[PDB]
Amino acid sequence: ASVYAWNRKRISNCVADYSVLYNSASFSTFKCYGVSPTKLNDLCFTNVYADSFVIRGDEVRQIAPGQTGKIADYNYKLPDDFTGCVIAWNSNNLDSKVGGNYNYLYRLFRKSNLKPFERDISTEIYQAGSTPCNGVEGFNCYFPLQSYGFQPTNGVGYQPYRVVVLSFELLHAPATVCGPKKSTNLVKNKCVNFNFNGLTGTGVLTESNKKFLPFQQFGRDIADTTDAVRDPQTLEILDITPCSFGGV
Amino acid sequence: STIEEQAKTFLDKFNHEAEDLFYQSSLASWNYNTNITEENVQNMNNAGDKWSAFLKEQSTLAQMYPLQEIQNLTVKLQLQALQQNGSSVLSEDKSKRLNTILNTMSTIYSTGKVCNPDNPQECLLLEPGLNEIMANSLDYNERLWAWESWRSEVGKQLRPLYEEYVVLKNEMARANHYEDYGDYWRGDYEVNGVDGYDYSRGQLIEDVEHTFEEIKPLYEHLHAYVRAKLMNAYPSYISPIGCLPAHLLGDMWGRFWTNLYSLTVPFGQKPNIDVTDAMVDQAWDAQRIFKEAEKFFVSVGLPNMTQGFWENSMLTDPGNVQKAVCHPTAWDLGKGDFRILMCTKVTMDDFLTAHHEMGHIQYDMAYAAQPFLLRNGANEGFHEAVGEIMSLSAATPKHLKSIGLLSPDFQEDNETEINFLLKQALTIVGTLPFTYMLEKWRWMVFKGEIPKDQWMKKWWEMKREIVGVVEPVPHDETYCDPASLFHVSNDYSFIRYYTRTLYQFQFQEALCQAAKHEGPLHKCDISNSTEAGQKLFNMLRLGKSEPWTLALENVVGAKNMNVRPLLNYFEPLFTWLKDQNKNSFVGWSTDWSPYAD
Ligand SMILES: *[C@@H]1O[C@H](CO)[C@@H](O[C@@H]2O[C@H](CO)[C@@H](O)[C@H](O)[C@H]2NC(C)=O)[C@H](O)[C@H]1NC(C)=O
Numbered sequence: 348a349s350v351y352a353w354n355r356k357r358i359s360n361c362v363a364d365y366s367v368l369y370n371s372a373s374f375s376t377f378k379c380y381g382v383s384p385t386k387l388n389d390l391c392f393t394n395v396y397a398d399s400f401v402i403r404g405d406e407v408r409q410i411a412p413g414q415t416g417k418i419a420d421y422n423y424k425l426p427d428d429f430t431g432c433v434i435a436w437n438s439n440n441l442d443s444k445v446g447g448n449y450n451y452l453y454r455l456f457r458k459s460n461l462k463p464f465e466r467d468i469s470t471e472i473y474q475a476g477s478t479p480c481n482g483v484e485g486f487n488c489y490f491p492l493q494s495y496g497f498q499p500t501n502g503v504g505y506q507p508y509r510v511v512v513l514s515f516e517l518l519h520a521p522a523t524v525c526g527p528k529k530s531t532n533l534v535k536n537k538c539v540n541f542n543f544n545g546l547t548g549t550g551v552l553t554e555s556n557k558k559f560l561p562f563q564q565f566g567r568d569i570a571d572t573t574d575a576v577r578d579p580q581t582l583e584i585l586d587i588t589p590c591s592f593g594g595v
Numbered sequence: 019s020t021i022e023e024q025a026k027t028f029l030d031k032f033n034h035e036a037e038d039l040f041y042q043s044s045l046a047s048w049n050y051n052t053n054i055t056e057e058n059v060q061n062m063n064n065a066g067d068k069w070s071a072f073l074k075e076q077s078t079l080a081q082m083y084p085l086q087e088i089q090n091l092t093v094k095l096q097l098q099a100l101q102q103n104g105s106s107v108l109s110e111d112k113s114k115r116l117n118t119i120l121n122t123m124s125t126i127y128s129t130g131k132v133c134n135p136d137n138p139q140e141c142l143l144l145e146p147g148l149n150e151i152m153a154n155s156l157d158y159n160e161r162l163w164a165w166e167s168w169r170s171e172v173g174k175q176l177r178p179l180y181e182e183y184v185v186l187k188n189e190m191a192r193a194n195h196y197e198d199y200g201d202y203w204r205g206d207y208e209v210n211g212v213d214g215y216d217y218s219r220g221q222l223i224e225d226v227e228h229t230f231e232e233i234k235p236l237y238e239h240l241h242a243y244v245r246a247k248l249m250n251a252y253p254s255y256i257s258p259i260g261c262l263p264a265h266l267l268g269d270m271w272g273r274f275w276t277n278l279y280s281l282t283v284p285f286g287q288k289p290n291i292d293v294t295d296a297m298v299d300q301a302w303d304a305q306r307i308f309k310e311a312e313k314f315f316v317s318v319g320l321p322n323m324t325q326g327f328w329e330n331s332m333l334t335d336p337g338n339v340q341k342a343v344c345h346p347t348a349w350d351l352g353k354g355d356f357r358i359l360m361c362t363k364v365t366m367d368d369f370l371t372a373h374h375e376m377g378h379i380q381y382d383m384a385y386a387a388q389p390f391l392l393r394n395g396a397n398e399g400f401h402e403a404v405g406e407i408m409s410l411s412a413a414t415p416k417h418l419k420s421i422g423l424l425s426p427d428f429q430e431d432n433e434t435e436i437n438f439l440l441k442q443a444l445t446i447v448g449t450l451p452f453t454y455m456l457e458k459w460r461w462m463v464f465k466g467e468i469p470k471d472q473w474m475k476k477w478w479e480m481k482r483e484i485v486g487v488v489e490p491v492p493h494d495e496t497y498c499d500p501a502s503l504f505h506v507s508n509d510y511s512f513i514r515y516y517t518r519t520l521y522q523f524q525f526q527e528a529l530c531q532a533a534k535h536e537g538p539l540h541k542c543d544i545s546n547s548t549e550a551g552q553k554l555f556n557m558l559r560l561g562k563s564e565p566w567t568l569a570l571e572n573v574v575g576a577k578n579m580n581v582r583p584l585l586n587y588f589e590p591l592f593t594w595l596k597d598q599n600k601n602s603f604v605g606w607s608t609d610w611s612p613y614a641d
């Protein structure tokens, strides 16, 4: 969609794999504000707002925290305390066509600057002077939107550029967006330090004979000591025995 | 509220609108040129009319926004360029009369035909008939007959048309607070409001006069040697002391003396600089030409060029289903659209012409970030110079050897260098006095100082004193030979060629200095030189926002016009001409004429 009508998507209750986009190596711009891309991968966020639109290359700098401009102030404004990142890539092969891809628009004219994280889709003719527009364009009255001009021959500052802004959120609401929790291989019959979804126990894991219930996750003993855990991956039960120890 | 902010917002929005509409108009022109069809011509005409109407409306709407209280230099320059209404400064009737006169003059020049007296039914036009005859046939009688017929069938018709066109141009120039149309044209080079770079219209005139004065000995020696070779070819047609014939200059108006290189070659046995044999043996084509040119672009530091041009623009003649213009054109369409339209063949000449055209195109992307009103050169002699410096550098034997066109076993002796220098002088140096005199003549013709009843009597006089060329047939005021030229017959400034030549010589010298070149300037090649490309792009990207004097200072360090690069380039040729002309008369005599014995 147009930048003044930026597509807002709510990302939550899902695993957000930032590694694939961090290492796809095909995007012109990847700017992370407030947190490095690697560290946010192993971090949990309550929500993500994904604002996707198309702007020009020169306007790419406009889409950044603490920036002012036509796109920054009349189409999409970012708060200074930005948490997510911004990913932009050339769309000349897609969003640029022979004759001019004029479908896209941007709010060139507006009566006031946009509030951060606000979208303006007003189509009323902006009144430059004191002369009323009377519902039509003319003197002191112009359309608030200018059509984007995209052609395959355009330069870096004039080619189409799809921009996706991933703002991260973590607040009193329960955290939803987390990266892929890395899982290592499985070992057995060896005193190892394990962690199954937060158990963080240490011992020797052996093949179990007891049968859990499908809703159940891990067993327990009379002394309230963990003694059997079901694998979060392939469904099987393992008895955890304490590491061999004694006196000498 | 205030004029400043409202004018700036209007400037931005109508700059976007004008960029879009100019792109549409140039796209219609490109469609017409690639395929000459009735729908294509109609699209061309409609797009041109819409663009002109919207440009006039935007110019008027900017006119009601005063520039008195606007202090932004770029905004002021853009709005002043818009305010240059030109022919519309007069009444609607006067503008329509001027348009009709210009159209009639252009149509007469283009459709002008010459018919042999023996065969009245057989008639030939100027192009390609007259040009081919005058560049190939060496017969004095046939060349003189073609000269007289072309300058009579068109000159007599165009004389009233040219006179009324000049009168109208003076009228609008006076309505534009200019002394004459020459002043209006020179106002493009004028710089105002810039500290340390202001340029006046008379400054250009005096600089051109001084440059021609310091070039005079070299041109005199070159003309003397060409004349001597001409008696060597025409013993009984040209006096050793008298001036050269007008029709024996190679072309119709004497613009190019390259056609005389066959008869004025320093050595007709030594081979010339040409790699077309190896070029066609290497299975090269137009695609190979363009790829090698792009490789040369990226070799000098210039960035890789967009694939949109490759997937949009045409290279060779698109068969016979549709007709494409073979004239080399570099279309800076707009909205970042850049295309090239030429009939590219497997030849060295087409190689150099294509190199020139992608030089134009790269200069077009150079000022892409500038606004539409600033999306052009500072003057009319920059883009052609930018293309020609690259074309000449690629024409050097070093570039051909690097790209495989010339074998490394090739020997570079003084004979080939002298032949190439003389060929360039006939192509380049020969046209400088002619361009200078023609532009000056048009300047006082617009000024009206020279009485009309002896205008021709003035022209041939300056054909003798300046060019050193005497007409073979005397022409009265009925003849309008200067208007027989395409530029005069189509409202084109002619000083652009001389200015572009001097600019390109300066640019070549600057690029050679940046490339740490050692030796003759003609063998200098900017290939594989990042510093030269960067220095060129320092002025390429500036566009027309900065004064042209600022660009010249950035490139070569000379604020005003310079001829030192020309002297450095042609010093071997100057020495050779001085050595060869020691046994022949130097200069020319105005009194002698072919029609007087
Ligand atoms: C996690 O995903 C893997 C996908 O491979 C699932 O493991 C597969 O389970 C089948 C069951 O027969 C085996 O044949 C494959 O060899 C397993 N692949 C592996 C271990 O890489 C596993 O079931 C999933 N865990 C769940 C759903 O809890």
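Top to bottom, those sequences are chains B and A.
Every position in the first sequence, counted from 1, becomes a number in the authors' numbering once 347 is added.
Numbers 19 to 614, 641, taken from the authors' numbering, label the letters of the second sequence in order.
Where is the CB? At the ideal position from N, CA and C, for every residue including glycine.
Shorter than 7 Å, the distance from the beta carbon of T531 (chain B) to the closest heavy atom of ligand 1, or not? Numbered from its first residue, the first sequence carries residue 531 (chain B) at position 184. The answer is no for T531 (chain B).
If distances are taken between C-alpha atoms only, which option among B:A348, B:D586, B:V382 and B:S366 comes closest to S514 (chain B)? Residue numbering aside, residue 514 (chain B) sits at position 167 when the first sequence is read from its first letter. That would be B:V382, whose Cα lies nearest to the Cα of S514 (chain B).
Compute every distance between the C-beta of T581 (chain B) and the non-hydrogen atoms of ligand 1, then say whether any falls below 7 Å. One-based indexing of the first sequence puts residue 581 (chain B) at position 234. Yes, the beta carbon of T581 (chain B) sits closer than 7 Å to at least one heavy atom of ligand 1.
Can you list the residues of chain B that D382 (chain A) reaches, using a CB-CB cut of under 8 Å? For the purposes of this step, residue 382 (chain A) is taken as the residue at position 364 of the second sequence. Under the 8 Å cutoff, chain B gives no residues; its nearest Cβ is about 10 Å from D382 (chain A).
In three-state DSSP terms, what is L39 (chain A)? For this step, residue 39 (chain A) is matched to residue 21 along the second sequence. Reduced to three states, the DSSP call for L39 (chain A) is helix.
Tell me the start and end of each unbroken beta strand (DSSP E) in the stretch 123 to 165 of chain A that is at least 3 residues and wholly inside, in chain order. 131 to 133 and 141 to 143
Within a Cβ cutoff of 6 Å, which residues of the same chain sit near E489 (chain A), ignoring the five residues on either side of it in sequence? One-based indexing of the second sequence puts residue 489 (chain A) at position 471. So the qualifying residues of the chain are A264 and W478.
Does DSSP put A419 (chain B) in a helix, a strand or coil? Here residue 419 (chain B) refers to the residue found at position 72 when the first sequence is read from its first residue. Here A419 (chain B) sits in helix by DSSP.
Count Cβ pairs between the stretch 329 to 343 of chain A and the stretch 278 to 297 of chain A that sit closer than 8 Å; are there 3 or more? no
Range of the contiguous alpha helix (DSSP H) that encloses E516 (chain B): Translated into the one-based positions of the first sequence, residue 516 (chain B) becomes position 169. Looking at the DSSP string, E516 (chain B) is not in any alpha helix (DSSP H); the run it does join, the beta strand (DSSP E), is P507 to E516.
Reference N437 (chain B), options B:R509, B:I584, B:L461 and B:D467, closest by Cα: For the purposes of this step, residue 437 (chain B) is taken as the residue at position 90 of the first sequence. Among B:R509, B:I584, B:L461 and B:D467, the Cα nearest to that of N437 (chain B) is on B:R509.
Integer-rounded CB distance, given that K535 (chain B) should sit under 8 Å from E554 (chain B): For this step, residue 554 (chain B) is matched to residue 207 along the first sequence. For this step, residue 535 (chain B) is matched to residue 188 along the first sequence. At roughly 7 Å, the Cβ-Cβ gap stays under 8 Å, so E554 (chain B) and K535 (chain B) are in contact.
At a CB-CB cut-off below 7 Å, which residues of chain A make contact with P479 (chain B)? As a working mapping, residue 479 (chain B) is identified with position 132 in the first sequence. Simply none; closest approach about 16 Å.
Need the endpoints of the alpha helix (DSSP H) that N437 (chain A) sits in, please. Along the second sequence, one-based indexing puts residue 437 (chain A) at 419. Counting along the chain, the alpha helix (DSSP H) containing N437 (chain A) begins and ends at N432 to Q442.
Quick check on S420 (chain A): does DSSP put it in helix, strand or coil? Walking along the second sequence from the start, residue 420 (chain A) turns up at place 402. Correct three-state label for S420 (chain A): helix.
Which listed residue (B:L585, B:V512 and B:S366) has its alpha carbon closest to that of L533 (chain B): Start at 1 with the first residue of the first sequence, and residue 533 (chain B) comes out as number 186. Measuring from the Cα of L533 (chain B), the nearest candidate turns out to be B:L585.
Whose Cβ in chain B lies nearer than 7 Å to the Cβ of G354 (chain A)? Here residue 354 (chain A) is taken as the residue at index 336 of the second sequence, counted from 1. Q498, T500, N501, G502 and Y505, listed in chain order.
Would you call the stretch 440 to 447 of chain A in contact with the stretch 552 to 570 of chain A, where contact means no fewer than 3 C-beta pairs closer than 8 Å? no
Nearest-angstrom Cα distance between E483 (chain A) and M474 (chain A)? Here residue 483 (chain A) corresponds to residue number 465 of the second sequence, with the count starting at 1. Here residue 474 (chain A) corresponds to residue number 456 of the second sequence, with the count starting at 1. Distance between the alpha carbons of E483 (chain A) and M474 (chain A) is about 14 Å.
With a threshold of 8 Å between beta carbons, is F400 (chain A) in contact with chain B? Against the second sequence, residue 400 (chain A) aligns to sequence position 382. It does not; no Cβ of chain B falls within 8 Å.
Checking contacts by CB at 8 Å: is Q60 (chain A) closer than that to chain B? Here residue 60 (chain A) corresponds to residue number 42 of the second sequence, with the count starting at 1. Closer than 8 Å: no.
Reduced DSSP category for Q493 (chain B) - H, G, I as helix; E, B as strand; rest coil: By one-based count along the first sequence, residue 493 (chain B) stands at place 146. If DSSP states are grouped into helix, strand and coil, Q493 (chain B) belongs with the strands.
Three Cβ pairs or more, each shorter than 8 Å: is that satisfied between the stretch 355 to 368 of chain A and the stretch 527 to 545 of chain A? no
Spatial distance of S349 (chain B) from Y451 (chain B) (CA atoms): Residue mapping note: residue 349 (chain B) aligns to position 2 of the first sequence, counting from 1. Residue mapping note: residue 451 (chain B) aligns to position 104 of the first sequence, counting from 1. Whole-angstrom Cα-Cα distance: 5 Å.
Can you tell me the Cα-Cα spacing of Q598 (chain A) and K481 (chain A), whole angstroms? Here residue 598 (chain A) is taken as the residue at index 580 of the second sequence, counted from 1. Here residue 481 (chain A) is taken as the residue at index 463 of the second sequence, counted from 1. Cα to Cα, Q598 (chain A) sits roughly 25 Å from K481 (chain A).
Give the straight-line distance between the Cα atoms of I256 (chain A) and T276 (chain A), rounded to the nearest whole angstrom. Taking the second sequence and counting its residues from 1, the one referred to as residue 256 (chain A) is at position 238. Taking the second sequence and counting its residues from 1, the one referred to as residue 276 (chain A) is at position 258. Rounded to the nearest angstrom, the two C-alpha atoms are 19 Å apart.
For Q524 (chain A) and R582 (chain A), the rounded distance between their alpha carbons: To locate residue 582 (chain A), count along the second sequence from 1; it is residue 564. To locate residue 524 (chain A), count along the second sequence from 1; it is residue 506. One C-alpha to the other measures close to 8 Å.
At a Cβ threshold of 8 Å, is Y41 (chain A) touching chain B? Walking along the second sequence from the start, residue 41 (chain A) turns up at place 23. Chain B, which has a Cβ nearer than 8 Å to the Cβ of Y41 (chain A), makes this yes.
What does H378 (chain A) reach in chain B if we use C-beta pairs closer than 9 Å? Mapped onto the second sequence, residue 378 (chain A) falls at position 360. What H378 (chain A) touches in chain B: nothing, since even the nearest Cβ is about 15 Å away.
Where the stretch 484 to 496 of chain B meets chain A: residues whose CB sits under 7 Å from a CB there: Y489, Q493 and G496
Does the beta-carbon distance from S359 (chain B) to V512 (chain B) come in below 8 Å? One-based indexing of the first sequence puts residue 359 (chain B) at position 12. One-based indexing of the first sequence puts residue 512 (chain B) at position 165. No. Outside cutoff.
Does any CB atom of chain A fall closer than 8 Å to the CB of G404 (chain B)? Looking up residue 404 (chain B) in the first sequence gives position 57. False, the Cβ-Cβ gap to chain A never drops below 8 Å.
Assign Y196 (chain A) to one of two classes, buried (16 or more other C-beta atoms within 10 Å of its C-beta) or exposed (fewer than that). Sequence index remark: in the second sequence, residue 196 (chain A) carries index 178 (1-based). Buried, since its Cβ has 16 or more Cβ neighbours within 10 Å.
Under a three-way DSSP split, which group does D201 (chain A) fall into? The sequence position of residue 201 (chain A) within the second sequence is 183, counting from 1. In the structure shown, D201 (chain A) sits in a helix (DSSP, three-state: H, G or I).
Using CA coordinates, which residue listed in B:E465, B:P463, B:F464 and B:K458 is at the minimum distance from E471 (chain B)? The residue you call residue 471 (chain B) lines up with position 124 of the first sequence. Considering only alpha carbons, the answer is B:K458.
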